[PDB]
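> Pasting in a structure now, in structure tokens, and then I'll have a few things to ask.
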Amino acid sequence: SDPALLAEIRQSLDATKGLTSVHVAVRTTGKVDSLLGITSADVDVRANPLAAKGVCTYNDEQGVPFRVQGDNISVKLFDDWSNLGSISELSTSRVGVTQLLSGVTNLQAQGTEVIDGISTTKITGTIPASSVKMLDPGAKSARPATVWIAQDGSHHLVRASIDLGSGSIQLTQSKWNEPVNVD
Ligand SMILES: CC/C=C/C/C=C/C/C=C/C/C=C/C/C=C/C/C=C/CCC(=O)O
Ligand SMILES: CC/C=C/C/C=C\C/C=C\CCCCCCCC(=O)O
Ligand SMILES: CC/C=C\C/C=C/C/C=C/CCCCCCCC(=O)O
Ligand SMILES: O=C([O-])CC(=O)C(=O)O
Ligand SMILES: [Zn+2]
Ligand SMILES: [Zn+2]
Ligand SMILES: [Zn+2]
Ligand SMILES: [Zn+2]
Ligand SMILES: [Zn+2]
Ligand SMILES: [Zn+2]
């Protein structure tokens, strides 16, 4: 809970909160059952009204079209859209992106790493189970996490990842404020 490292993470979360649009790439390793059966995605996101369109790997089927429209999270199988979940129902079920950052322990500045041609500050930390459950409802312990924060003046959250017991989730941002067509 180093105040300087926490401050730097808050800078990236505030930058994230201020985005009009962003491209998100989700990747996983091992076994992750907490993303409604999705294990990979590349998704264009519009922040307000929240809307998303892209592609995902769902139940091991690749190239599955993916959308968020209104309250619905949906995937297209063959010619048919089906709803995997509801935003409101997940929001009450699991419990904006300012998690209780106090609660985050053992912040460590690991130095500089280049991701997609961007120099980033790598900071590791430990996330309390209560916050981990928001991502993985079955989580029973505090888990290690990592964030990579651009050093270019933007404070972009270029990447964030969490090592869950059974697997890991990695989220990579790009295309900040580049226009998207999501409907
Ligand atoms: C090592 C310390 C870990 C601290 C916790 C890191 C939190 C990671 C948050 C994930 C990044 C957000 C997902 C990308 C989608 C961005 C769309 C913008 C809408 C969010 C606006 C809002 O929060 O109200
Ligand atoms: C890309 C894979 C999608 C799987 C997502 C399922 C779990 C997500 C983790 C917590 C969900 C937070 C719900 C969002 C809060 C409401 C946002 C809003 O209404 O603007
Ligand atoms: C420290 C945490 C690192 C893992 C990041 C979480 C990964 C995946 C869940 C977050 C949702 C990604 C955004 C996808 C579009 C937003 C609409 C939605 O699916 O809820
Ligand atoms: O919404 C999606 O991502 C898929 C849709 O069928 C398209 O326009 O290709
Ligand atoms: Zn310090
Ligand atoms: Zn992509
Ligand atoms: Zn995109
Ligand atoms: Zn059909
Ligand atoms: Zn789980
Ligand atoms: Zn930006």
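Labels used: A, B, ... for chains in the order of the structure tokens, numbers from 1 for residues in each chain, and numbers from 1 for ligands as shown.
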Write out as a list in words which residues come within 10 Å of residue 24 in chain A when counting only C-alpha atoms, dropping same-chain ones fewer than 3 positions away.
residues 21, 27, 41, 42, 43, 44, 45, 52, 54, 158, 159, 171, 172, 173, 174, 175 and 176 of chain A
> Using only C-alpha atoms and all ligand atoms, which residues of chain A come within 7 Å of ligand 2, and what is the closest atom pair for each, with the distance in Å to one decimal? Give it as a tab-separated table, sorted by chain and residue number.

```
residue	atom	partner	partner_atom_place_in_ligand_line	distance
A:26	CA	ligand 2	1 (C)	6.5
A:34	CA	ligand 2	7 (C)	6.8
A:35	CA	ligand 2	4 (C)	4.1
A:36	CA	ligand 2	4 (C)	5.8
A:38	CA	ligand 2	2 (C)	6.0
A:41	CA	ligand 2	1 (C)	5.9
A:50	CA	ligand 2	20 (O)	5.5
A:87	CA	ligand 2	13 (C)	5.3
A:88	CA	ligand 2	16 (C)	6.4
A:90	CA	ligand 2	11 (C)	5.5
A:91	CA	ligand 2	13 (C)	4.6
A:94	CA	ligand 2	10 (C)	6.5
A:96	CA	ligand 2	15 (C)	7.0
A:134	CA	ligand 2	10 (C)	5.7
A:135	CA	ligand 2	9 (C)	4.8
```
> Just to be explicit: take each residue in the selection above, keep N, CA and C atoms, and write the result as a PDB file, in the first residue's frame.

```pdb
ATOM      1  N   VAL A  26      -9.003  -9.608 -24.298  1.00  0.00           N
ATOM      2  CA  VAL A  26      -8.961 -10.491 -23.142  1.00  0.00           C
ATOM      3  C   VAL A  26      -8.335 -11.823 -23.547  1.00  0.00           C
ATOM      4  N   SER A  34     -15.135 -18.111 -14.948  1.00  0.00           N
ATOM      5  CA  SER A  34     -15.849 -16.971 -14.378  1.00  0.00           C
ATOM      6  C   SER A  34     -16.214 -15.876 -15.381  1.00  0.00           C
ATOM      7  N   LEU A  35     -15.931 -16.088 -16.663  1.00  0.00           N
ATOM      8  CA  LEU A  35     -16.312 -15.116 -17.685  1.00  0.00           C
ATOM      9  C   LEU A  35     -17.438 -15.649 -18.566  1.00  0.00           C
ATOM     10  N   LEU A  36     -18.379 -16.360 -17.949  1.00  0.00           N
ATOM     11  CA  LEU A  36     -19.557 -16.883 -18.641  1.00  0.00           C
ATOM     12  C   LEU A  36     -19.220 -17.857 -19.778  1.00  0.00           C
ATOM     13  N   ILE A  38     -16.503 -17.593 -21.728  1.00  0.00           N
ATOM     14  CA  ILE A  38     -15.587 -16.926 -22.640  1.00  0.00           C
ATOM     15  C   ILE A  38     -14.156 -17.047 -22.104  1.00  0.00           C
ATOM     16  N   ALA A  41     -11.264 -12.715 -25.926  1.00  0.00           N
ATOM     17  CA  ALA A  41     -12.090 -11.749 -26.656  1.00  0.00           C
ATOM     18  C   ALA A  41     -11.269 -10.585 -27.172  1.00  0.00           C
ATOM     19  N   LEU A  50     -22.970   2.425 -22.306  1.00  0.00           N
ATOM     20  CA  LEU A  50     -22.097   1.259 -22.406  1.00  0.00           C
ATOM     21  C   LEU A  50     -22.573   0.314 -23.511  1.00  0.00           C
ATOM     22  N   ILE A  87     -26.061  -7.296 -17.513  1.00  0.00           N
ATOM     23  CA  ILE A  87     -25.178  -6.366 -16.819  1.00  0.00           C
ATOM     24  C   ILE A  87     -25.680  -6.106 -15.402  1.00  0.00           C
ATOM     25  N   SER A  88     -26.955  -5.745 -15.295  1.00  0.00           N
ATOM     26  CA  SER A  88     -27.573  -5.445 -14.003  1.00  0.00           C
ATOM     27  C   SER A  88     -27.491  -6.636 -13.043  1.00  0.00           C
ATOM     28  N   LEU A  90     -25.371  -9.311 -13.131  1.00  0.00           N
ATOM     29  CA  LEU A  90     -23.979  -9.497 -12.713  1.00  0.00           C
ATOM     30  C   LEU A  90     -23.549  -8.416 -11.714  1.00  0.00           C
ATOM     31  N   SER A  91     -24.020  -7.186 -11.912  1.00  0.00           N
ATOM     32  CA  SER A  91     -23.662  -6.069 -11.026  1.00  0.00           C
ATOM     33  C   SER A  91     -24.165  -6.255  -9.589  1.00  0.00           C
ATOM     34  N   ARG A  94     -22.331 -10.076  -8.233  1.00  0.00           N
ATOM     35  CA  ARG A  94     -20.889 -10.148  -7.976  1.00  0.00           C
ATOM     36  C   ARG A  94     -20.377  -8.923  -7.197  1.00  0.00           C
ATOM     37  N   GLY A  96     -16.459   2.884 -10.190  1.00  0.00           N
ATOM     38  CA  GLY A  96     -16.781   1.663 -10.929  1.00  0.00           C
ATOM     39  C   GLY A  96     -15.638   0.665 -10.894  1.00  0.00           C
ATOM     40  N   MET A 134     -15.349 -10.560  -7.255  1.00  0.00           N
ATOM     41  CA  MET A 134     -16.054  -9.761  -8.257  1.00  0.00           C
ATOM     42  C   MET A 134     -15.748 -10.256  -9.669  1.00  0.00           C
ATOM     43  N   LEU A 135     -14.529 -10.755  -9.849  1.00  0.00           N
ATOM     44  CA  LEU A 135     -14.049 -11.300 -11.118  1.00  0.00           C
ATOM     45  C   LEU A 135     -14.252 -12.817 -11.210  1.00  0.00           C
TER      46      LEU A 135
END
```
> Step one, run DSSP on the backbone; step two, keep only residues of range 3-183 of chain A assigned to strand (DSSP E); then write them as a PyMOL selection string.
chain A and resi 21-30+38-46+51-58+61-69+72-77+80-86+105-115+118-127+143-150+157-163+167-174
> Report as a ChimeraX atom specification all protein, DNA and RNA residues lying within 10 Å of residue 131 in chain A, evaluated on only C-alpha atoms, omitting residues in the same chain fewer than 3 positions from it.
/A:94-95,99-101,103-104,127-128,134-137,139,141-143
> Let me see the file: selected residues, N, CA, C and O atoms, as a PDB file, in the first residue's frame.

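Output below, filename part.pdb:
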```pdb
ATOM      1  N   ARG A  94     -22.331 -10.076  -8.233  1.00  0.00           N
ATOM      2  CA  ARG A  94     -20.889 -10.148  -7.976  1.00  0.00           C
ATOM      3  C   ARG A  94     -20.377  -8.923  -7.197  1.00  0.00           C
ATOM      4  O   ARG A  94     -19.335  -9.003  -6.538  1.00  0.00           O
ATOM      5  N   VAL A  95     -21.127  -7.818  -7.262  1.00  0.00           N
ATOM      6  CA  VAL A  95     -20.764  -6.509  -6.680  1.00  0.00           C
ATOM      7  C   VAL A  95     -19.782  -5.782  -7.598  1.00  0.00           C
ATOM      8  O   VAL A  95     -20.167  -5.283  -8.662  1.00  0.00           O
ATOM      9  N   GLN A  99     -12.016  -0.446  -7.533  1.00  0.00           N
ATOM     10  CA  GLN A  99     -12.174  -1.442  -6.482  1.00  0.00           C
ATOM     11  C   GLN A  99     -11.647  -0.791  -5.217  1.00  0.00           C
ATOM     12  O   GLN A  99     -10.988   0.252  -5.303  1.00  0.00           O
ATOM     13  N   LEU A 100     -11.904  -1.372  -4.050  1.00  0.00           N
ATOM     14  CA  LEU A 100     -11.248  -0.858  -2.855  1.00  0.00           C
ATOM     15  C   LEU A 100      -9.745  -1.092  -3.040  1.00  0.00           C
ATOM     16  O   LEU A 100      -9.202  -2.145  -2.691  1.00  0.00           O
ATOM     17  N   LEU A 101      -9.113  -0.088  -3.656  1.00  0.00           N
ATOM     18  CA  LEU A 101      -7.679  -0.057  -3.928  1.00  0.00           C
ATOM     19  C   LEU A 101      -6.882  -0.057  -2.639  1.00  0.00           C
ATOM     20  O   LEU A 101      -5.767  -0.557  -2.602  1.00  0.00           O
ATOM     21  N   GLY A 103      -6.902  -2.133   0.485  1.00  0.00           N
ATOM     22  CA  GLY A 103      -7.250  -3.544   0.396  1.00  0.00           C
ATOM     23  C   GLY A 103      -6.194  -4.191  -0.464  1.00  0.00           C
ATOM     24  O   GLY A 103      -5.744  -5.293  -0.168  1.00  0.00           O
ATOM     25  N   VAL A 104      -5.793  -3.496  -1.529  1.00  0.00           N
ATOM     26  CA  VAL A 104      -4.633  -3.916  -2.308  1.00  0.00           C
ATOM     27  C   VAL A 104      -3.396  -3.783  -1.416  1.00  0.00           C
ATOM     28  O   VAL A 104      -3.162  -2.733  -0.810  1.00  0.00           O
ATOM     29  N   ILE A 127      -4.456  -8.666  -4.391  1.00  0.00           N
ATOM     30  CA  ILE A 127      -5.848  -8.225  -4.341  1.00  0.00           C
ATOM     31  C   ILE A 127      -6.615  -9.101  -3.348  1.00  0.00           C
ATOM     32  O   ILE A 127      -6.537 -10.322  -3.417  1.00  0.00           O
ATOM     33  N   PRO A 128      -7.357  -8.478  -2.414  1.00  0.00           N
ATOM     34  CA  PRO A 128      -8.073  -9.254  -1.405  1.00  0.00           C
ATOM     35  C   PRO A 128      -9.185 -10.094  -2.017  1.00  0.00           C
ATOM     36  O   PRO A 128      -9.773  -9.696  -3.021  1.00  0.00           O
ATOM     37  N   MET A 134     -15.349 -10.560  -7.255  1.00  0.00           N
ATOM     38  CA  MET A 134     -16.054  -9.761  -8.257  1.00  0.00           C
ATOM     39  C   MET A 134     -15.748 -10.256  -9.669  1.00  0.00           C
ATOM     40  O   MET A 134     -16.606 -10.208 -10.552  1.00  0.00           O
ATOM     41  N   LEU A 135     -14.529 -10.755  -9.849  1.00  0.00           N
ATOM     42  CA  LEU A 135     -14.049 -11.300 -11.118  1.00  0.00           C
ATOM     43  C   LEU A 135     -14.252 -12.817 -11.210  1.00  0.00           C
ATOM     44  O   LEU A 135     -14.531 -13.352 -12.284  1.00  0.00           O
ATOM     45  N   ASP A 136     -14.089 -13.497 -10.075  1.00  0.00           N
ATOM     46  CA  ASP A 136     -14.133 -14.955  -9.996  1.00  0.00           C
ATOM     47  C   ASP A 136     -14.875 -15.303  -8.698  1.00  0.00           C
ATOM     48  O   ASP A 136     -14.245 -15.412  -7.646  1.00  0.00           O
ATOM     49  N   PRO A 137     -16.218 -15.470  -8.773  1.00  0.00           N
ATOM     50  CA  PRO A 137     -17.067 -15.623  -7.580  1.00  0.00           C
ATOM     51  C   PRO A 137     -16.653 -16.729  -6.609  1.00  0.00           C
ATOM     52  O   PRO A 137     -17.003 -16.661  -5.428  1.00  0.00           O
ATOM     53  N   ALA A 139     -13.554 -17.448  -5.780  1.00  0.00           N
ATOM     54  CA  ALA A 139     -12.253 -17.127  -5.185  1.00  0.00           C
ATOM     55  C   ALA A 139     -12.289 -17.190  -3.657  1.00  0.00           C
ATOM     56  O   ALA A 139     -13.174 -16.611  -3.028  1.00  0.00           O
ATOM     57  N   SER A 141      -9.144 -16.865  -1.716  1.00  0.00           N
ATOM     58  CA  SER A 141      -7.976 -16.201  -1.139  1.00  0.00           C
ATOM     59  C   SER A 141      -7.583 -14.969  -1.920  1.00  0.00           C
ATOM     60  O   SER A 141      -8.080 -14.727  -3.036  1.00  0.00           O
ATOM     61  N   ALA A 142      -6.698 -14.184  -1.315  1.00  0.00           N
ATOM     62  CA  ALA A 142      -6.102 -13.034  -1.985  1.00  0.00           C
ATOM     63  C   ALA A 142      -5.228 -13.533  -3.131  1.00  0.00           C
ATOM     64  O   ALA A 142      -4.544 -14.548  -2.996  1.00  0.00           O
ATOM     65  N   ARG A 143      -5.256 -12.831  -4.259  1.00  0.00           N
ATOM     66  CA  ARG A 143      -4.535 -13.273  -5.450  1.00  0.00           C
ATOM     67  C   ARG A 143      -3.571 -12.207  -5.970  1.00  0.00           C
ATOM     68  O   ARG A 143      -3.828 -11.015  -5.799  1.00  0.00           O
TER      69      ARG A 143
END
```
> Counting only C-alpha atoms and all ligand atoms, which residues of chain A fall within 9 Å of ligand 10, and what is the closest atom pair for each with its distance in Å at one decimal, ordered by chain and rising number, as CSV?

```
residue,atom,partner,partner_atom_place_in_ligand_line,distance
A:15,CA,ligand 10,1 (Zn),7.1
A:16,CA,ligand 10,1 (Zn),8.3
A:18,CA,ligand 10,1 (Zn),8.5
A:19,CA,ligand 10,1 (Zn),7.0
A:153,CA,ligand 10,1 (Zn),9.0
A:154,CA,ligand 10,1 (Zn),5.5
A:155,CA,ligand 10,1 (Zn),7.9
A:156,CA,ligand 10,1 (Zn),6.3
A:175,CA,ligand 10,1 (Zn),8.4
A:176,CA,ligand 10,1 (Zn),5.2
A:177,CA,ligand 10,1 (Zn),6.4
```
> Within 12 Å of residue 105 in chain A, counting only C-alpha atoms, which residues qualify if same-chain residues fewer than 3 places away don't, as a ChimeraX atom specification?
/A:1-3,5-6,100-102,108,123-129,142-146
> Can you list every residue of chain A that has an atom at most 10 Å from ligand 4, with its nearest atom pair and the distance in Å to one decimal, using only C-alpha atoms and all ligand atoms, ordered by chain then number, as JSON lines?

```
{"residue": "A:43", "atom": "CA", "partner": "ligand 4", "partner_atom_place_in_ligand_line": "3 (O)", "distance": 8.6}
{"residue": "A:44", "atom": "CA", "partner": "ligand 4", "partner_atom_place_in_ligand_line": "3 (O)", "distance": 9.4}
{"residue": "A:52", "atom": "CA", "partner": "ligand 4", "partner_atom_place_in_ligand_line": "3 (O)", "distance": 8.5}
{"residue": "A:53", "atom": "CA", "partner": "ligand 4", "partner_atom_place_in_ligand_line": "3 (O)", "distance": 4.9}
{"residue": "A:54", "atom": "CA", "partner": "ligand 4", "partner_atom_place_in_ligand_line": "3 (O)", "distance": 4.6}
{"residue": "A:55", "atom": "CA", "partner": "ligand 4", "partner_atom_place_in_ligand_line": "3 (O)", "distance": 6.0}
{"residue": "A:56", "atom": "CA", "partner": "ligand 4", "partner_atom_place_in_ligand_line": "3 (O)", "distance": 9.1}
{"residue": "A:63", "atom": "CA", "partner": "ligand 4", "partner_atom_place_in_ligand_line": "3 (O)", "distance": 9.5}
{"residue": "A:64", "atom": "CA", "partner": "ligand 4", "partner_atom_place_in_ligand_line": "3 (O)", "distance": 7.9}
{"residue": "A:65", "atom": "CA", "partner": "ligand 4", "partner_atom_place_in_ligand_line": "3 (O)", "distance": 4.2}
{"residue": "A:66", "atom": "CA", "partner": "ligand 4", "partner_atom_place_in_ligand_line": "3 (O)", "distance": 4.9}
{"residue": "A:67", "atom": "CA", "partner": "ligand 4", "partner_atom_place_in_ligand_line": "1 (O)", "distance": 5.5}
{"residue": "A:68", "atom": "CA", "partner": "ligand 4", "partner_atom_place_in_ligand_line": "1 (O)", "distance": 8.7}
{"residue": "A:69", "atom": "CA", "partner": "ligand 4", "partner_atom_place_in_ligand_line": "1 (O)", "distance": 9.6}
{"residue": "A:74", "atom": "CA", "partner": "ligand 4", "partner_atom_place_in_ligand_line": "1 (O)", "distance": 8.8}
{"residue": "A:75", "atom": "CA", "partner": "ligand 4", "partner_atom_place_in_ligand_line": "2 (C)", "distance": 8.0}
{"residue": "A:76", "atom": "CA", "partner": "ligand 4", "partner_atom_place_in_ligand_line": "4 (C)", "distance": 7.0}
{"residue": "A:77", "atom": "CA", "partner": "ligand 4", "partner_atom_place_in_ligand_line": "6 (O)", "distance": 9.8}
{"residue": "A:78", "atom": "CA", "partner": "ligand 4", "partner_atom_place_in_ligand_line": "6 (O)", "distance": 9.9}
{"residue": "A:79", "atom": "CA", "partner": "ligand 4", "partner_atom_place_in_ligand_line": "6 (O)", "distance": 8.4}
{"residue": "A:80", "atom": "CA", "partner": "ligand 4", "partner_atom_place_in_ligand_line": "6 (O)", "distance": 9.3}
{"residue": "A:81", "atom": "CA", "partner": "ligand 4", "partner_atom_place_in_ligand_line": "6 (O)", "distance": 8.7}
{"residue": "A:181", "atom": "CA", "partner": "ligand 4", "partner_atom_place_in_ligand_line": "8 (O)", "distance": 9.7}
{"residue": "A:182", "atom": "CA", "partner": "ligand 4", "partner_atom_place_in_ligand_line": "1 (O)", "distance": 7.5}
{"residue": "A:183", "atom": "CA", "partner": "ligand 4", "partner_atom_place_in_ligand_line": "1 (O)", "distance": 7.9}
```
> Near residue 86 in chain A, counting only C-alpha atoms, which residues have an atom at most 8 Å away, once you skip same-chain residues fewer than 2 positions from it, shown as a ChimeraX atom specification?
/A:71-73,83-84,88-90
> Can you write just those residues out, N, CA, C and O atoms, as a compact mmCIF listing (two decimals), in the first residue's frame?

```txt
# COMPACT_ATOMS: atom_id res chain seq x y z
N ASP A 71 -28.80 -3.98 -21.57
CA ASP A 71 -28.43 -4.80 -20.41
C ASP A 71 -27.82 -6.15 -20.81
O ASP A 71 -27.24 -6.83 -19.98
N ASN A 72 -27.92 -6.52 -22.08
CA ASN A 72 -27.61 -7.88 -22.50
C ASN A 72 -26.18 -8.09 -22.97
O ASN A 72 -25.64 -7.31 -23.74
N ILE A 73 -25.58 -9.17 -22.47
CA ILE A 73 -24.31 -9.70 -22.97
C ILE A 73 -24.67 -10.91 -23.81
O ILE A 73 -25.29 -11.85 -23.30
N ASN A 83 -28.21 -14.83 -25.19
CA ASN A 83 -27.76 -14.02 -24.06
C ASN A 83 -27.02 -14.88 -23.04
O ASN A 83 -27.58 -15.84 -22.52
N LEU A 84 -25.77 -14.52 -22.74
CA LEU A 84 -24.98 -15.20 -21.71
C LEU A 84 -25.23 -14.60 -20.33
O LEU A 84 -25.07 -15.26 -19.30
N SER A 88 -26.96 -5.75 -15.30
CA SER A 88 -27.57 -5.45 -14.00
C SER A 88 -27.49 -6.64 -13.04
O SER A 88 -27.21 -6.47 -11.86
N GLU A 89 -27.71 -7.84 -13.57
CA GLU A 89 -27.76 -9.04 -12.75
C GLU A 89 -26.38 -9.49 -12.28
O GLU A 89 -26.24 -9.96 -11.16
N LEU A 90 -25.37 -9.31 -13.13
CA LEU A 90 -23.98 -9.50 -12.71
C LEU A 90 -23.55 -8.42 -11.71
O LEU A 90 -22.82 -8.70 -10.77
```
> I need the residues of chain A that end up classed as alpha helix (DSSP H) by DSSP on the backbone, written out as a list in words.
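Here are the alpha helix (DSSP H) residues of chain A: residues 3, 4, 5, 6, 7, 8, 9, 10, 11, 12, 13, 14, 15, 16, 17, 87, 88, 89, 90, 91, 92, 93, 129, 130, 131, 132, 133, 134 and 135 of chain A.
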> Could you write out that same residue set with N, CA, C and O atoms as a short mmCIF file (atom, residue, chain, number, x, y, z; two decimals), in the first residue's frame?

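Everything below was put into part.cif:
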```
data_model
loop_
_atom_site.label_atom_id
_atom_site.label_comp_id
_atom_site.auth_asym_id
_atom_site.auth_seq_id
_atom_site.Cartn_x
_atom_site.Cartn_y
_atom_site.Cartn_z
N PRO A 3 1.88 4.58 -0.90
CA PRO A 3 1.11 5.72 -1.41
C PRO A 3 1.50 6.21 -2.81
O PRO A 3 0.62 6.61 -3.57
N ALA A 4 2.78 6.16 -3.15
CA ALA A 4 3.23 6.63 -4.46
C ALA A 4 2.78 5.66 -5.55
O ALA A 4 2.25 6.07 -6.58
N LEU A 5 2.90 4.35 -5.30
CA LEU A 5 2.46 3.35 -6.28
C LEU A 5 0.94 3.31 -6.41
O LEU A 5 0.41 3.12 -7.49
N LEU A 6 0.24 3.50 -5.30
CA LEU A 6 -1.21 3.58 -5.34
C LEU A 6 -1.67 4.79 -6.15
O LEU A 6 -2.64 4.71 -6.90
N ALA A 7 -0.97 5.91 -5.99
CA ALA A 7 -1.29 7.13 -6.70
C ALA A 7 -1.16 6.92 -8.20
O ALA A 7 -2.01 7.36 -8.97
N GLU A 8 -0.09 6.24 -8.61
CA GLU A 8 0.14 5.96 -10.02
C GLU A 8 -0.94 5.05 -10.59
O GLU A 8 -1.38 5.25 -11.72
N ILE A 9 -1.37 4.04 -9.82
CA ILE A 9 -2.48 3.19 -10.28
C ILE A 9 -3.78 4.00 -10.40
O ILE A 9 -4.54 3.83 -11.35
N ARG A 10 -4.04 4.88 -9.43
CA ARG A 10 -5.23 5.74 -9.52
C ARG A 10 -5.21 6.64 -10.75
O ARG A 10 -6.25 6.87 -11.36
N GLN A 11 -4.03 7.13 -11.12
CA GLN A 11 -3.89 7.87 -12.38
C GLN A 11 -4.35 7.04 -13.60
O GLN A 11 -5.01 7.58 -14.48
N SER A 12 -3.99 5.75 -13.65
CA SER A 12 -4.41 4.92 -14.80
C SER A 12 -5.89 4.59 -14.76
O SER A 12 -6.52 4.51 -15.80
N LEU A 13 -6.43 4.40 -13.56
CA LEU A 13 -7.86 4.11 -13.41
C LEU A 13 -8.70 5.33 -13.78
O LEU A 13 -9.73 5.20 -14.42
N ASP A 14 -8.24 6.52 -13.38
CA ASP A 14 -8.90 7.76 -13.79
C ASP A 14 -8.82 7.98 -15.31
O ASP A 14 -9.80 8.39 -15.92
N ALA A 15 -7.68 7.68 -15.91
CA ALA A 15 -7.57 7.76 -17.36
C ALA A 15 -8.56 6.79 -18.01
O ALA A 15 -9.25 7.15 -18.95
N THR A 16 -8.65 5.58 -17.46
CA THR A 16 -9.58 4.58 -17.96
C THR A 16 -11.04 5.05 -17.85
O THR A 16 -11.82 4.89 -18.79
N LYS A 17 -11.39 5.62 -16.70
CA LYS A 17 -12.73 6.16 -16.49
C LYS A 17 -13.12 7.27 -17.48
O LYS A 17 -14.30 7.42 -17.81
N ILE A 87 -26.06 -7.30 -17.51
CA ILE A 87 -25.18 -6.37 -16.82
C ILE A 87 -25.68 -6.11 -15.40
O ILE A 87 -24.93 -6.23 -14.43
N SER A 88 -26.96 -5.75 -15.30
CA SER A 88 -27.57 -5.45 -14.00
C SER A 88 -27.49 -6.64 -13.04
O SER A 88 -27.21 -6.47 -11.86
N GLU A 89 -27.71 -7.84 -13.57
CA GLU A 89 -27.76 -9.04 -12.75
C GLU A 89 -26.38 -9.49 -12.28
O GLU A 89 -26.24 -9.96 -11.16
N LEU A 90 -25.37 -9.31 -13.13
CA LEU A 90 -23.98 -9.50 -12.71
C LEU A 90 -23.55 -8.42 -11.71
O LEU A 90 -22.82 -8.70 -10.77
N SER A 91 -24.02 -7.19 -11.91
CA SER A 91 -23.66 -6.07 -11.03
C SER A 91 -24.16 -6.26 -9.59
O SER A 91 -23.53 -5.78 -8.65
N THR A 92 -25.30 -6.93 -9.43
CA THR A 92 -25.85 -7.24 -8.10
C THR A 92 -25.32 -8.58 -7.58
O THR A 92 -25.10 -8.74 -6.38
N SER A 93 -25.15 -9.53 -8.49
CA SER A 93 -24.63 -10.86 -8.16
C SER A 93 -23.21 -10.85 -7.60
O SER A 93 -22.93 -11.51 -6.60
N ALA A 129 -9.45 -11.25 -1.42
CA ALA A 129 -10.44 -12.20 -1.94
C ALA A 129 -11.76 -11.52 -2.32
O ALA A 129 -12.34 -11.83 -3.35
N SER A 130 -12.21 -10.59 -1.48
CA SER A 130 -13.49 -9.91 -1.69
C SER A 130 -13.53 -9.21 -3.04
O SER A 130 -14.57 -9.21 -3.70
N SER A 131 -12.41 -8.62 -3.45
CA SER A 131 -12.32 -8.04 -4.78
C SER A 131 -12.12 -9.09 -5.86
O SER A 131 -12.62 -8.92 -6.98
N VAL A 132 -11.40 -10.16 -5.55
CA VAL A 132 -11.16 -11.21 -6.53
C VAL A 132 -12.50 -11.88 -6.90
O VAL A 132 -12.73 -12.17 -8.07
N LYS A 133 -13.38 -12.06 -5.91
CA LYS A 133 -14.72 -12.63 -6.13
C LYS A 133 -15.58 -11.86 -7.13
O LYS A 133 -16.46 -12.44 -7.76
N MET A 134 -15.35 -10.56 -7.26
CA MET A 134 -16.05 -9.76 -8.26
C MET A 134 -15.75 -10.26 -9.67
O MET A 134 -16.61 -10.21 -10.55
N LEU A 135 -14.53 -10.75 -9.85
CA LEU A 135 -14.05 -11.30 -11.12
C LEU A 135 -14.25 -12.82 -11.21
O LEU A 135 -14.53 -13.35 -12.28
#
```
> Rounded to one decimal in Å, what is the spacing between CA of residue 149 in chain A and atom 7 (C, counted along the ligand's line) of ligand 1?
11.3 Å
> Measuring atom to atom with only C-alpha atoms and all ligand atoms, identify which of A:169, A:22, A:47, A:115 is nearest to ligand 3.
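Of all the options, A:169 lies closest to ligand 3.
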> Identify, on the basis of only C-alpha atoms, every residue whose closest approach to residue 112 in chain A does not exceed 12 Å; exclude the query and any residue fewer than 4 positions from it along the same chain; express the result as a ChimeraX atom specification.
/A:118-123,147-151
> Put those residues in a file: N, CA, C and O atoms, as a short mmCIF file (atom, residue, chain, number, x, y, z; two decimals), in the first residue's frame.

```cif
data_model
loop_
_atom_site.label_atom_id
_atom_site.label_comp_id
_atom_site.auth_asym_id
_atom_site.auth_seq_id
_atom_site.Cartn_x
_atom_site.Cartn_y
_atom_site.Cartn_z
N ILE A 118 4.71 0.45 -26.48
CA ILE A 118 4.54 1.44 -25.41
C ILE A 118 5.36 1.04 -24.18
O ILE A 118 5.28 -0.10 -23.72
N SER A 119 6.16 1.99 -23.68
CA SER A 119 6.88 1.84 -22.42
C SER A 119 5.91 1.99 -21.24
O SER A 119 5.21 3.01 -21.13
N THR A 120 5.88 0.98 -20.38
CA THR A 120 4.94 0.95 -19.28
C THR A 120 5.64 0.65 -17.97
O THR A 120 6.66 -0.01 -17.95
N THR A 121 5.07 1.16 -16.88
CA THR A 121 5.51 0.85 -15.53
C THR A 121 4.75 -0.39 -15.10
O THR A 121 3.51 -0.40 -15.12
N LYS A 122 5.49 -1.43 -14.73
CA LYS A 122 4.91 -2.67 -14.25
C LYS A 122 4.83 -2.61 -12.74
O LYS A 122 5.83 -2.38 -12.08
N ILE A 123 3.63 -2.77 -12.20
CA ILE A 123 3.41 -2.75 -10.76
C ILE A 123 2.60 -3.98 -10.39
O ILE A 123 1.53 -4.20 -10.94
N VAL A 147 -0.40 -4.61 -13.06
CA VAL A 147 -0.86 -3.59 -14.00
C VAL A 147 0.35 -3.00 -14.71
O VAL A 147 1.44 -2.92 -14.13
N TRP A 148 0.14 -2.60 -15.96
CA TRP A 148 1.16 -1.95 -16.77
C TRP A 148 0.62 -0.61 -17.22
O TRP A 148 -0.38 -0.54 -17.95
N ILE A 149 1.29 0.46 -16.79
CA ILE A 149 0.79 1.82 -16.93
C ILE A 149 1.71 2.60 -17.83
O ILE A 149 2.90 2.73 -17.54
N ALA A 150 1.15 3.16 -18.90
CA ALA A 150 1.93 3.88 -19.91
C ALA A 150 2.75 4.98 -19.25
O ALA A 150 2.29 5.64 -18.30
N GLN A 151 3.96 5.18 -19.77
CA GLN A 151 4.85 6.26 -19.30
C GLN A 151 4.86 7.45 -20.24
O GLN A 151 5.70 8.33 -20.12
#
```
> Considering only C-alpha atoms and all ligand atoms, can you say which of A:117, A:138, A:49, A:165 comes closest to ligand 1?
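Using only C-alpha atoms and all ligand atoms, the shortest distance to ligand 1 belongs to A:49.
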